[PDB]
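Student: First the structure, which I've put down as structure tokens, then a few questions once you've had a look.
Computed from the coordinates by the stated procedures, all read-outs in this text should not be read as laboratory data. Backbone-built Cβ (ideal geometry, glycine too); neighbour counts: all protein chains shown.
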Amino acid sequence: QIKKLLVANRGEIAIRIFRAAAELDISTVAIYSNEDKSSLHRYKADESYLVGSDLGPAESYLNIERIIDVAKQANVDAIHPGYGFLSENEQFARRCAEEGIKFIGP
Amino acid sequence: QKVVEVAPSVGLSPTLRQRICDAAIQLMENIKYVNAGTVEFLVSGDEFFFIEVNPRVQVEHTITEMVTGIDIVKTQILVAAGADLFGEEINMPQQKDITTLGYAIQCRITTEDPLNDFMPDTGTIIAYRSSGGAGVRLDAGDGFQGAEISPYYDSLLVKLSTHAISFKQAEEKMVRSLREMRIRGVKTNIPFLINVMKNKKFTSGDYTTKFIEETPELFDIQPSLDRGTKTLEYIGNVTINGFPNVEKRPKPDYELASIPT
Amino acid sequence: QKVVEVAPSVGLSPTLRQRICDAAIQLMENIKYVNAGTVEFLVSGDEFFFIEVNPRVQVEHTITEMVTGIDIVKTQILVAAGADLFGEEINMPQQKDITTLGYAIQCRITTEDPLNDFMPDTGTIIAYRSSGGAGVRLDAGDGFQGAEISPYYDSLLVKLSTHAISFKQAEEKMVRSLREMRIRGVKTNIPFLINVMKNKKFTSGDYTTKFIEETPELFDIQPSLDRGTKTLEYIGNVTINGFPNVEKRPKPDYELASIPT
Ligand SMILES: O=CCCCC[C@@H]1SC[C@@H]2NC(=O)N[C@@H]21
Ligand SMILES: O=CCCCC[C@@H]1SC[C@@H]2NC(=O)N[C@@H]21
């Protein structure tokens with residue numbers, strides 16, 4: 001029942017998930033910070049959005065609410081947190097739910 | 001900092017590894033676990049202890065896919081969709097029939113200069129060749145014949161992983177890609193992974209967590225002269241800026257001298 | 001043309017293949033056979049037929065390696081030395097320790113053009129990208145960087161094999177991977193290959209060597225609006241040959257006053 005999937009993450013694992021998603025005929029959204037402008041992973045998803053104009057280092061992948069922003073704006077049915085950022089964040093998990101975005105994980 | 005992972009374990013006994021995997025289903029059965037999840041343990045002989053639990057996929061899932069043929073990640077996405085893991089969408093073989101076929105190893109190629117205490121190096125990547133071939137799995141990360149890696153993130157060019165009927169086959173075969181690899185522009189950690197890969201204490205399969213600290217002969221002498229790079233550099237200099245002595249014209253045409261022998 | 005190879009056989013019952021093996025093994029140990037060898041049968045109902053022997057490797061040996069986890073070409077070499085099968089070196093399991101875990105498919109990526117009679121295409125490769133990740137195996141052929149492929153040899157650019165526990169899953173893996181490839185400067189057979197993968201009647205498993213001939217719609221191939229390529233052609237064209245009514249000046253977008261919104 002998942003048509004469209006976003007990955008709150010970067011690098012190999014976003015790529016890994018995107019390939020997995022394609023296998024399943026599910027569209028994919030990626031997200032990138034500024035300095036991830038020219039990351040591989042941003043280019044491997046059906047769709048790609050900047051996470052906010054103003055965010056710097058990792059802070060850009062840890063912003064619960066702005067990622068959800070992108071998630072809502074793009075009609076996403078599920079988020080895969082991947083590993084290493086919000087993969088293990090209760091807030092993120094909880095807020096996903098409230099908004100009808102399936103958190104992939106426990 | 002996890003440097004290299006093996007699937008499944010080695011030398012570690014077959015009952016022992018049984019009671020550990022038992023114990024894993026115990027904790028997770030008991031608390032009704034859902035999705036992908038790593039149960040951590042610590043093995044002291046015929047004796048283990050709980051450590052923690054990672055409640056999501058791992059870097060080293062690769063490994064477990066290759067020795068059981070289950071796509072973990074695709075499964076995650078079907079679980080979260082509602083899939084029965086024994087319905088037609090996942091095709092989970094019942095627990096009794098799930099097997100390992102041989103041994104797989106993963107190592108993440110990063111830009112950590114082992115000549116500088118594994119400081120992440122950055123910049124453009126201006127030469128990039130991976131490998132391929134027999135039971136060699138590649139998961140690209142930041143790395144491509146194009147562009148650049150920034151200080152902000154976990155440096156990881158490539159996840160590289162290998163697979164064979166015997167551990168020692170997989171170790172050779174992992175070594176053999178690490179060398180085919182050809183990254184230029186940013187220094188990397190391959191040279192150190194090679195020495196890990198080719199350590200006697202590795203194959204024997206009885207390696208401790210202190211494996212590394214008690215082996216100084218892993219951080220080892222060879223910077224590598226840029227053999228053909230220095231050559232392209234000479235050629236490129238002469239071509240653009242002439243050779244100091246010599247009518248700076250184009251390369252004259254030359255009668256081909258057959259060379260007697 | 002052997003076009004797509006699968007291992008093992010979806011369409012055969014257990015006891016058939018068991019006999020199909022037994023027969024082959026009957027031949028080979030009856031005449032002393034040594035090294036890699038292939039025995040071919042034609043199959044109609046519950047009756048094999050012996051057709052030929054191939055006294056070496058074949059292109060699609062990789063598919064067997066993927067499901068047995070035994071490196072065929074490696075062993076070939078070990079055998080030539082004098083090593084034994086079940087010794088330290090080859091570490092071959094005994095006949096009843098050998099199995100399939102999962103199913104694999106092999107596709108050979110050629111410059112054979114489907115729209116034009118499967119006639120090998122010639123020239124320089126202007127874009128080359130491949131695959132990787134779960135279940136994908138790649139064996140380099142002629143393709144890279146900027147090879148010219150010539151009309152002199154069998155055009156084989158990449159050997160692409162995929163591997164999962166379900167056969168369907170291996171198929172939908174193949175189609176992911178095929179759809180990822182970019183080969184540019186030559187035509188390829190990718191779309192035809194996509195078009196066999198997608199087919200219910202190949203997913204069904206029940207298919208005969210009459211397949212391709214009695215499925216005409218395999219050849220139904222739309223080229224999609226490859227934006228990217230076209231846009232580079234346009235920019236290239238204007239950059240070099242300028243625009244009609246428009247004089248060659250230094251290119252504007254020359255106020256950093258961006259745009260109210
Ligand atoms: O003119 C600049 C290009 C680089 C020239 C270097 C070559 S090496 C042999 C010859 N002797 C020199 O001192 N320089 C040129
Ligand atoms: O010969 C000049 C370069 C070709 C430019 C083509 C563009 S496309 C729109 C416009 N219509 C034409 O006939 N040429 C320009």
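Student: If residue B:246 meets every condition in (1) β-branched (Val, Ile, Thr); (2) within 16 Å of ligand 1 (Cβ to nearest atom); (3) part of a helix (DSSP H, G or I) apart from one, which number is that one?
Tutor: Of (1) β-branched (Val, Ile, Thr); (2) within 16 Å of ligand 1 (Cβ to nearest atom); (3) part of a helix (DSSP H, G or I), only one is false for residue B:246: (3).
Student: Does region B:218-229 contain at least one residue that is among the polar types (S, T, N, Q) and within 16 Å of ligand 1 (Cβ to nearest atom)? Spell out how you get there, then give the answer.
Tutor: Of the residues in region B:218-229, the ones among the polar types (S, T, N, Q) are B:222, B:224, B:229.
From the residues that got through so far, the ones that are within 16 Å of ligand 1 (Cβ to nearest atom) too are B:229.
Yes, the conditions are met somewhere in region B:218-229.
Student: Out of (1) under 28 Å from residue A:35 (Cβ atoms); (2) surrounded by fewer than 18 Cβ atoms within 10 Å (Cβ to Cβ); (3) touching a residue at least 40 places away in the same chain (Cβ under 8 Å), the odd one out for residue B:206 is which?
Tutor: Against the list (1) under 28 Å from residue A:35 (Cβ atoms); (2) surrounded by fewer than 18 Cβ atoms within 10 Å (Cβ to Cβ); (3) touching a residue at least 40 places away in the same chain (Cβ under 8 Å), residue B:206 comes up short only on (1).
Student: In addition: Could you tell me which numbered condition residue C:170 fails, if it satisfies all but one of (1) away from chain B (no Cβ under 14 Å); (2) in contact (Cβ under 8 Å) with a residue 60 or more places away in the chain?
Tutor: Of (1) away from chain B (no Cβ under 14 Å); (2) in contact (Cβ under 8 Å) with a residue 60 or more places away in the chain, only one is false for residue C:170: (1).
Student: Also, quick follow-up: For region C:114-135, how many residues are within 23 Å of residue C:232 (Cβ to Cβ) and crowded, with 18+ Cβ neighbours inside 10 Å? Don't jump to the end; show me each part of the working.
Tutor: Applying the first criterion (within 23 Å of residue C:232 (Cβ to Cβ)) to region C:114-135 yields C:115, C:121-131.
From what is left, the residues that are crowded, with 18+ Cβ neighbours inside 10 Å are C:125, C:128, C:130-131.
The total comes to 4.
Student: Take residue B:218 and tell me if it is under 19 Å from residue B:178 (Cα atoms), out of contact with any strand residue (DSSP E or B) (no Cβ under 9 Å at 6 or more places or on another chain) and away from ligand 2 (no atom under 16 Å from the Cβ).
Tutor: On the way: under 19 Å from residue B:178 (Cα atoms): yes; out of contact with any strand residue (DSSP E or B) (no Cβ under 9 Å at 6 or more places or on another chain): yes; away from ligand 2 (no atom under 16 Å from the Cβ): yes.
Answer is yes for this residue.
Student: To continue, here is another question. Residues to consider are A:30, A:14, A:21, A:45; find the one that is in a helix (DSSP H, G or I), more than 9 Å from chain B (Cβ to nearest Cβ) and of a type in the set (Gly, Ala, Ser). Walk me through it before giving the result.
Tutor: On the way: A:30 fails: in a helix (DSSP H, G or I); A:21 fails: more than 9 Å from chain B (Cβ to nearest Cβ); A:45 fails: in a helix (DSSP H, G or I).
The conditions single out A:14.
Student: Another question, if that's okay. Considering only helices (runs of 4 or more DSSP H) fully contained in region C:1-102, which possess at least 1 residues that are under 25 Å from residue B:100 (Cβ atoms), free of Cβ contacts under 8 Å to residues at least 12 places away in the same chain and more than 22 Å from the chain's Cα centre (by Cα)? Steps first, please.
Tutor: On the way: elements: C:14-30, C:61-68, C:72-81.
Counting at least 1 such residues, we get C:14-30.
Student: Among the residues of region C:215-227, write down those that are in a helix (DSSP H, G or I) and exposed (fewer than 10 other Cβ atoms within 10 Å of the Cβ). Walk me through how you get there before you give the answer.
Tutor: Our first condition is that a residue be in a helix (DSSP H, G or I); within region C:215-227, this holds for C:216-219, C:227.
Result: C:216, C:217, C:227.
Student: Right, next: From the list C:237, C:195, exactly one residue is among the polar types (S, T, N, Q), away from ligand 1 (no atom under 16 Å from the Cβ), under 20 Å from residue C:105 (Cβ atoms) and assigned to a helix (DSSP H, G or I). Which is it?
Tutor: Details: C:237 fails: under 20 Å from residue C:105 (Cβ atoms).
Going through C:237, C:195 in turn, the sole match is C:195.
Student: May I pose another question? Tally time: how many residues in region A:74-102 are within 11 Å of chain B (Cβ to nearest Cβ) and either of a type in the set (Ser, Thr, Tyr) or crowded, with 22+ Cβ neighbours inside 10 Å (or both)?
Tutor: 9
Student: Answer yes or no as to whether residue B:226 is closer than 22 Å to residue B:129 by Cβ, away from ligand 2 (no atom under 16 Å from the Cβ) and touching a strand residue (DSSP E or B) at 6+ places or on another chain (Cβ under 9 Å).
Tutor: yes
Student: On the basis of being assigned to a helix (DSSP H, G or I), more than 13 Å from every other protein chain (Cβ to nearest Cβ), out of contact with any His (no Cβ under 9 Å at 6 or more places or on another chain) and surrounded by 17 or more Cβ atoms within 10 Å (Cβ to Cβ), does residue A:71 make the cut? Steps first, please.
Tutor: Details: assigned to a helix (DSSP H, G or I): yes; more than 13 Å from every other protein chain (Cβ to nearest Cβ): yes; out of contact with any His (no Cβ under 9 Å at 6 or more places or on another chain): yes; surrounded by 17 or more Cβ atoms within 10 Å (Cβ to Cβ): yes.
Taking the combined requirement at face value, the residue satisfies it.
Student: Which one of the conditions (1) within 14 Å of chain A (Cβ to nearest Cβ); (2) assigned to a loop (DSSP other than H, G, I, E, B) does residue B:133 fail to meet, given that it meets all the rest?
Tutor: (1)
Student: A follow-up question, please. Looking at residue C:194, is it among the β-branched types (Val, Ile, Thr), out of contact with any strand residue (DSSP E or B) (no Cβ under 9 Å at 6 or more places or on another chain) and within 20 Å of residue B:74 (Cβ to Cβ)? Steps first, please.
Tutor: Numbers: among the β-branched types (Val, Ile, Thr): yes; out of contact with any strand residue (DSSP E or B) (no Cβ under 9 Å at 6 or more places or on another chain): yes; within 20 Å of residue B:74 (Cβ to Cβ): yes.
Answer is yes for this residue.
Student: Return yes or no: is residue B:186 surrounded by 15 or more Cβ atoms within 10 Å (Cβ to Cβ), among the hydrophobic types (A, V, I, L, M, F, W, C), in contact with a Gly (Cβ under 9 Å, 6 or more places away or on another chain) and not in a strand (DSSP E or B)? Steps first, please.
Tutor: Details: surrounded by 15 or more Cβ atoms within 10 Å (Cβ to Cβ): yes; among the hydrophobic types (A, V, I, L, M, F, W, C): yes; in contact with a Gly (Cβ under 9 Å, 6 or more places away or on another chain): yes; not in a strand (DSSP E or B): yes.
Criteria met by residue B:186.
Student: Got at least one residue in region C:79-101 being within 18 Å of residue C:192 (Cα to Cα) and out of contact with any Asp or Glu (no Cβ under 6 Å at 6 or more places or on another chain)?
Tutor: Residues of region C:79-101 within 18 Å of residue C:192 (Cα to Cα): none.
No: region C:79-101 contains no residue that is within 18 Å of residue C:192 (Cα to Cα) and out of contact with any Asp or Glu (no Cβ under 6 Å at 6 or more places or on another chain).
Student: Scan region B:149-160 and give yes if some residue there is β-branched (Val, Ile, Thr), buried (at least 16 other Cβ atoms within 10 Å of the Cβ) and within 11 Å of chain A (Cβ to nearest Cβ), otherwise no. Steps first, please.
Tutor: If we filter region B:149-160 for residues that are β-branched (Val, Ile, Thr), which is where we start, we get B:149, B:158.
Still in the running and buried (at least 16 other Cβ atoms within 10 Å of the Cβ): B:149, B:158.
Within this subset, residues satisfying the condition of being within 11 Å of chain A (Cβ to nearest Cβ) are B:149, B:158.
Looking through region B:149-160, at least one residue is β-branched (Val, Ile, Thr), buried (at least 16 other Cβ atoms within 10 Å of the Cβ) and within 11 Å of chain A (Cβ to nearest Cβ).
Student: Can you work out which of the residues in region B:103-130 that are in a loop (DSSP other than H, G, I, E, B) and on the phi < 0 side of the Ramachandran plot is farthest from the other protein chains (Cβ to nearest Cβ)?
Tutor: Residues of region B:103-130 in a loop (DSSP other than H, G, I, E, B): B:110-111, B:117-118, B:121-122, B:125-126, B:130.
From what's left, on the phi < 0 side of the Ramachandran plot: B:110-111, B:121-122, B:125-126, B:130.
On the way: B:110: 11, B:111: 13, B:121: 16, B:122: 11, B:125: 11, B:126: 14, B:130: 8 Å.
Of everything passing the filter in region B:103-130, B:121 is farthest from the other protein chains (Cβ to nearest Cβ).
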